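Undergrad: Got an experimental structure here, sequence first:
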Amino acid sequence: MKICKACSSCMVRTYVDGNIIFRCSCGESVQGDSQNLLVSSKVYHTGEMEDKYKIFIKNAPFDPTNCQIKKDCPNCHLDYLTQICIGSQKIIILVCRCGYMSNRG
Amino acid sequence: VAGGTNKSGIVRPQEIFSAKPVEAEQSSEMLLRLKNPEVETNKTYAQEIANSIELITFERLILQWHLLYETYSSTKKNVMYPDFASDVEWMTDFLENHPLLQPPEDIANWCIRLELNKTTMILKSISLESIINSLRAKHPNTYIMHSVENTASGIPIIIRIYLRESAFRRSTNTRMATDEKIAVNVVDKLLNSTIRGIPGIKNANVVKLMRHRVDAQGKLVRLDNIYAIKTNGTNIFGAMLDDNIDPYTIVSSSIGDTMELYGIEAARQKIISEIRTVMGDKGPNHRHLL
Amino acid sequence: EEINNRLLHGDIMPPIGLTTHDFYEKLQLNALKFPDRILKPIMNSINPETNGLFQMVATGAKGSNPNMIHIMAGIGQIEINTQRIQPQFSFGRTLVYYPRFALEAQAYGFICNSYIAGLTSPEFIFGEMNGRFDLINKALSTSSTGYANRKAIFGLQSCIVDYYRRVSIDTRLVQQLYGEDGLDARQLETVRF
Amino acid sequence: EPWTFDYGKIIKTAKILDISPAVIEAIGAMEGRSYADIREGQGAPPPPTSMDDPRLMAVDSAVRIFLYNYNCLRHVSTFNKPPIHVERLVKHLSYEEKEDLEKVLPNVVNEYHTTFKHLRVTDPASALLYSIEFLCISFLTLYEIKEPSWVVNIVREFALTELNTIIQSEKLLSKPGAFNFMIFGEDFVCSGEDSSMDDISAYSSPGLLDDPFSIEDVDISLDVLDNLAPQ
Amino acid sequence: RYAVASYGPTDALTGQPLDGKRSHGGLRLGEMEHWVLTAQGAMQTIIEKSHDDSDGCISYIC
Amino acid sequence: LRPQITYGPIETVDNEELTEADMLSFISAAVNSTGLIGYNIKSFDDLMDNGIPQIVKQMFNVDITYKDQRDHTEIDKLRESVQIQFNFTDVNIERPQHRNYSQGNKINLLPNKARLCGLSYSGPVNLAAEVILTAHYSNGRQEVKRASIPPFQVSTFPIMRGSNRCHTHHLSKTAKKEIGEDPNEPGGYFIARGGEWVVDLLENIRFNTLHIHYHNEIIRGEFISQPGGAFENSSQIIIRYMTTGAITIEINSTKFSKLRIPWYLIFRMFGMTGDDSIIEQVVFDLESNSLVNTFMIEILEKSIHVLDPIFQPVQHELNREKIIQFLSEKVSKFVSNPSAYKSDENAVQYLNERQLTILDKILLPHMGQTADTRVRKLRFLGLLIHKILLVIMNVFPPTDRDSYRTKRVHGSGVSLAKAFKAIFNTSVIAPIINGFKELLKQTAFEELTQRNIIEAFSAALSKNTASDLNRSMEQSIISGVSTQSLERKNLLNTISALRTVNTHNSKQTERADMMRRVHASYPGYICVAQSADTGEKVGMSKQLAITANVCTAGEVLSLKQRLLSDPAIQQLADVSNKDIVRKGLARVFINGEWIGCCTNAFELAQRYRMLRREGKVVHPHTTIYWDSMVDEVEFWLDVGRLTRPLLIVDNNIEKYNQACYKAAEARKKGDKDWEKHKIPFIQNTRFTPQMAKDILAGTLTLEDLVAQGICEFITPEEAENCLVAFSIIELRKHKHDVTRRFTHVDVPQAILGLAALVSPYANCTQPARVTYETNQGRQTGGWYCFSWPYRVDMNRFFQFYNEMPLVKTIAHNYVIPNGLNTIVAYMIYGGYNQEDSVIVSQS
Ligand SMILES: [Mg+2]
Ligand SMILES: [Zn+2]
Ligand SMILES: [Zn+2]
């Protein structure tokens, strides 16, 4: 959205002769240059995106209720890892408290 | 109990007794028999036909879509969204790879940017070329650009659809729709476009069924090696038009759909069949179903 | 367990039309069914000529084969709505006794013990989950059936067989002949052609 | 650029309106006080120390309605019809010069919003003074204008009317005096500390076609319900 | 257990027996029992129970 | 503060000698500390001593103004209104009393006399007050008359038997036995009209939490806010997202009703009218490039430009004063003609001050009820809208209506207080207002004296009001605050009725079936077996587990001040919305209010859980929940939380990890015997067989097991951070399993109720049959009451002979067995026992 400089209100976007013009309730009118060429957007599979589980994946090595697995961590050589299974495709991620995380992330 | 196969506590008997329409059926199914008796002997032939008839709308192949107020000219540098300004690199390749698909002269100030879900394109076995033909065959009032089909992870496949001016010349006499309204209406049409399937069915399985057949010696024998297609969701007319399905022996589980296309006498036989399925085998005599 | 190992290495590729989760659940349900061999140890522990429990089931007086197996061999997989125990305990845990994203089959309703040997606390909870459904559906089998029974009768009761063996509503034919044969359901014989 | 609070702008502004400087300094802090005490400056609250003090929002809200109304006059031509607070004084004007007033009237919103958001997070005490000082200097800017000749009388009237309404709006949130309580149109008049006429149903926990478990079309006696036992 | 009589306490409005053992009234031949008796063809039984034994009377219509 | 106590190493604990029968001592200790219905007595006691006095002295201040409807007189014609102002100062409740013969001196009323005579076991309530009457003249001056009223009895309040106000509390067991009472019963019921009534426990959603439900409305989010305490008034806000794209906030309370307001109007009325700042409270940053904020802003941007037919005039206005005035004239019920008061500037100031007083006291009161925390509420309100939009985006699922992580169990003290509020203002406050209205009509305000004012106050509260207050409470107790008659089938049924949790129940086919099932959050708190087996009530009634309890409200101020004094927690005023999402801070909640942020959510909960073990700093009944999905820490101390003791499991993972590091370091140096630097993993509980023998000897209780850091109380939402071994054998089986590190060890019998524990070898029986025994064991003939000859009861059976089963259970340590050890033959004999019949010996 575009915020009015004068009154900090949400300006109304209309389209005139091949240009996006924002007009406010206080009469201030501005035209967006490049960053306002986004009429609408949607994101699918929001329930299994990587940005969904960033906090949870970060906290997984410290949560005591997560399933562990007997595998060596290649960074700290700890002999156990934390195994999580996220998404409808059952993506398996192995995480450790040292910062190691399978899938290279 | 899951969606599309809800056969939990009384629902299907309620769908029959209340004469609920096909739109309100939570467990509609349909049995399709292959036209060629030789093909129904082989499971692989019936397996690929079953996967052929499965509604893959263009929406489910999309991870995210963006509606942009942009026009594309090959030479003139028009304004472009800063987060998507890198798209111009593969636009030049498209122009030099298709000397016949040049941009029109009536492209409107509306762009739809698409980022295909490459995982779904692999599991469903859908190529980029098939998607392009399906969209260009259904939407003549658009100009479509696409990136290269990449086999390397980390680089997505981008579909870019440009709305022509004729998209609003369809019906703009009804001035109760701003150009933003038509563009939103167009993208809904694009996403709901059918790709590689028939509408109304979400799953199509392969089952083994048993039938009788009179031999050349007049003997009636049970044939056990017969393959057919049992679908989730009902569309008699959709499977009617398919050339791989015998149209004469389409068995729906929907009374309303059978009534619509076959008549009241076939709907009478459909009510009898559907109640008997609910009744199980420890059910009433046949004369109570009539 | 080896289905889980295939999952860990990413060796489970679902077919067209199935997600990996739905294909994995299908594989687990198939892999956790008692074979027909389960009666070999059961029948070796009983004398069919003197076993009261077996003679009640074998002769059809009372009981069935899954009853003896549950009593003697094992309950097996608890399956509600043709699927395993879904995790309703805080995003991936079926109960407090099992960790998040547990892979073992016991965490999803597989009861390894029999009634004669006794169940553990997690197995009894899963058994109570399936046992409660029987009580709930029994209560619904009265009210829900009564709602459908009354509506069926009030629509059908006007149909009366007239002097032509037709079925009509006071003037209006519903059937040209009752049952299309004109016979009574109590007077039918099953005969081979 | 080093910003410093200027008390001379408030004194100059207060003298023009024939009001006490304490009235200007008490914007957003007039709630729960007698205007006579506010006029004398008695009982003034201490300077804010928290960034979540509602005074900072209260003063900032008064600033942006001065800017919102000033730009309405500045862009009067773009309106289908001007609002009430700017139309009765520009009515005698002609369209070609009503399309004007956006070139001869300077802008007064130069760097307020950016600085206020920085001062609020950094030091709330200075933010309250900055917003008050900005309102006074903006008023003096619109009051010290002298050229061209045809705009002086149309903007100085606007400057006094806007600052008076801002003060009056702040004044209408102070402690009321004495008045006839029956002018509202009813007999009873309750306060915000009254519980006699509270909603009875609101003492319970707030908030909340066929019943699947009800035997309503099953005609069975209530004394023989054991026939429905699962057994 | 219960078994009452050929006659007893009567509802003022409907003229039918009272409800249950507690009021010394009769027992209910409900909606589902008239369905069964009609299905069996027992119509003289319905007259005996629903009319002779419950509230049957004579109505005069011009 | 950091923990300082240290316990013995887990490798020296000898528990190899333990047995499951030894762990029954843990259940014995838990039941002995808890009691069986001790929560009922405690709830009624703190309702008597603390609840009703606070409710009367705080939440029933009366300030009203009435028109002077008299005739013509010098003072009369010149005055228009009189202000009635009063509050109650002294409140107390005494033991039940009865008047012997006539005009006696109120002798004591024993419970058996109340039962026999059909009387009411109610104790008198004495109140004192001060009243202020202010009359307003036309010229402008006013006259004030003030009077202090001596304490007097208004009515009688029902008294729970066995509580502090019962006569069977200053009596010995022998005296209780011989006065017609049951010496072995604990009590917990009310005597009214000769009947015994039980105020059942009520399921209720957790307050100060956001409940997000789907449904014209696309989505809905509810939030009931209570300013701290079981007896404080609660106000709910409903944030709806409509199909038109408009987000509306509706506040339902004692002052507003069903008025949906556009979401940004609430922000404007508190002084923050800039849209950029208003949006910032929801997205926490306008400069973030995250794809979530793009979805967030797109919905918010469209919501601002949706026209509301009711709030049309002030939708585009930025002057907060007129918005407050617009809402004040809309919600005030005494304004019948607009613009008649706008001419007077003092009436405008009156409605503005009244609306600000109401809103500060009613909009999210748990965040504060003063004008200082206005912006603080806006930050919290924006957070609530942010959470709701995360569910529309399908990032997070809607709130589970069945889980006990967001449910509370409210006893008799909370339920009776809620009914007391609606009855006290109707049967006491309203008659006083009517009494003073008629006093001022028949007499001039100046003619009144101190004597007349006191007379009018007491005369208005005649025995019509005294009958109204007591009998309305009895009607609430009888009609059912869900209550039921105490049917005395046997001792087991009486105890099971007092440990029963009832629900508010709707007609939705899926919703009516889901709530009748056993949920994954039940084991340990709600019996998984006990339910009705027949009819509509299957699963509608729930039973507390054998070790489950109901906690009371803690001293929240002690923990709140310590959290704010914690250097690891930054106060809410010291952190910005941009400082939260850019630095990844963790929001910290106490009883649902947001007090600050911490840089490490896991370390804060871990450090405060370890502090709770000592008990000297953090109370053992404090719930500490760490949400690993959104990185938040929650502290709960409110009443109504089910808790059970769980034995703490400790391990040596810190030493185990160091051995792994040393072994790896040795291998990197080329050493061959690098494996020799590893040590085995050991997880064990500190419960020794000697402790079990000390529990049985009475020298070791649950309180000092908690004080030694051996067991701790776990709450269903805190149980989501616990991995519990179902028995001491599963812990011993995984003693050296590093891939399964339990946090607690359970006693298997703790998952069943008292009635479900009667069935022997219940794990060997089909689980549906254990449910039947709960129903059948509660309707079993036996010694239904030890004081049967003193009672005149209806439809009660007293079986003469009872036997302890040859195979008894732990449930018979607390209730008397009911039945006989009949010799049973499992045989076919003549066909008379077919189809679930039996053949009985006549002898
Ligand atoms: Mg029965
Ligand atoms: Zn503006
Ligand atoms: Zn590591």
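TA: Yep, it's here. Numbering: from 1, shown residues only, chains lettered A, B, ... in the order given. Ligands and ions are numbered 1, 2, ... in the order given.

Undergrad: If you check chain D against chain C, which residue is the closest one?
TA: residue D:218 (3.5 Å; Cβ to the nearest Cβ). In this view, the C-beta of every residue, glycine as well, is placed from N, C-alpha and C.

Undergrad: Now do the SS call for the nearest residue to that residue once chain neighbours are set aside.
TA: Among residues not flanking residue D:218 along the chain, residue C:146 sits closest, at 3.5 Å (Cβ to Cβ, 6 or more residues apart in numbering or on different chains). Per DSSP: H, G, I helix; E, B strand; the rest coil, the secondary structure class of residue C:146 is helix.

Undergrad: How much space separates residue C:146 from residue F:758?
TA: 34 Å (Cβ to Cβ, to the nearest Å).

Undergrad: So for those two, which sits in the more crowded spot?
TA: Each of residue C:146 and residue F:758 has its neighbours counted (other Cβ atoms under 10 Å in any protein chain shown); residue F:758 has more, 27 against 18.

Undergrad: The more buried one touches residue F:809, doesn't it?
TA: Yes. Counting by Cβ atoms under 8 Å, residue F:758 touches residue F:809, with 6.1 Å between them.

Undergrad: And for residue C:142, nearest residue in space, chain neighbours not counted?
TA: Nearest to residue C:142 is residue D:228, by Cβ to Cβ, 6+ apart, at 5.3 Å.

Undergrad: And the one you found, how far from residue F:533?
TA: 10 Å.

Undergrad: what's the answer for residue F:465, then?
TA: 47 Å.

Undergrad: Likewise for residue F:609?
TA: Per Cβ to Cβ, residue F:609 is found 41 Å from residue F:533.

Undergrad: swap in residue F:199?
TA: 25 Å.

Undergrad: One more: residue F:430?
TA: 47 Å.

Undergrad: neighbour-wise, which of the two wins?
TA: Using other Cβ under 10 Å, the more surrounded residue of residue F:430 and residue F:533 is residue F:533, with 22 against 17.

Undergrad: that's a strand at residue F:204, yeah?
TA: Yes. The assignment for residue F:204 is a strand, going by three-state DSSP.

Undergrad: check contacts around residue 9.
TA: This is for chain A. Taking Cβ atoms under 8 Å, 6 or more residues apart in numbering or on different chains, we find residue A:9 in contact with A:3, A:24-26, D:68, F:274-275, F:318.

Undergrad: wrong chain, I was asking about chain F
TA: Shown in contact with residue F:9 (Cβ under 8 Å, 6+ apart): residue F:652.

Undergrad: and what of the one 4 residues further on?
TA: Contacts of residue F:13 were listed using Cβ under 8 Å, 6+ apart, and they are F:684-686, F:688.

Undergrad: Rebuild those as JSON lines, extending it with neighbour count.
TA: Formatted as JSON lines, the contacts of residue F:13 follow (neighbours: other Cβ atoms under 10 Å in any protein chain shown):
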{"residue": "F:684", "neighbour count": "22"}
{"residue": "F:685", "neighbour count": "24"}
{"residue": "F:686", "neighbour count": "19"}
{"residue": "F:688", "neighbour count": "16"}
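
Undergrad: will you turn these into a markdown table that also has secondary structure?
TA: Shown next, in a markdown table, are those (three-state DSSP):
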| residue | secondary structure |
| --- | --- |
| F:684 | strand |
| F:685 | strand |
| F:686 | coil |
| F:688 | coil |
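
Undergrad: Closest one of those residues to residue C:114?
TA: residue F:685 (29.2 Å; Cβ to Cβ).

Undergrad: Any idea what the closest one is bridged to?
TA: residue F:649 (DSSP bridges).

Undergrad: and it, what is it in contact with?
TA: By Cβ under 8 Å, 6+ apart, the contact list for residue F:685 reads F:13, F:15, F:647-650, F:710, F:728, F:731, F:745.

Undergrad: what do you get for residue D:23?
TA: Taking Cβ under 8 Å, 6+ apart, one finds D:14, D:38-39, D:167 in contact with residue D:23.

Undergrad: Identify those among those residues that sit within helices.
TA: D:14, D:38-39, D:167 (DSSP state H).

Undergrad: Now the closest residue to ligand 2 within chain E: closest residue in space, sequence neighbours ignored.
TA: Residue nearest to ligand 2 within chain E (Cβ to the ion): residue E:31, separated by 70.5 Å. Leaving aside its chain neighbours, residue E:31 sits nearest to residue D:219 (4.1 Å; criterion: Cβ to Cβ, 6+ apart).

Undergrad: does the one you found really touch residue E:30, like I thought?
TA: Yes. Counting by Cβ under 8 Å, residue D:219 touches residue E:30, with 3.5 Å between them.

Undergrad: And those two? Which one has more around it.
TA: Set side by side, residue D:219 and residue E:30 show more neighbours around residue D:219, with 16 against 12, by other Cβ under 10 Å.

Undergrad: Work out for me the element the more buried one sits within.
TA: Per DSSP states H and E: residue D:219 is located in neither a helix nor a strand.

Undergrad: and it, what is it in contact with?
TA: Going by Cβ under 8 Å, 6+ apart, the list of residues near residue D:219 reads E:28, E:30-33.

Undergrad: which non-adjacent residue is nearest residue C:161?
TA: In space, residue C:161 is closest to residue C:178, 5.4 Å off (Cβ to Cβ, 6+ apart).
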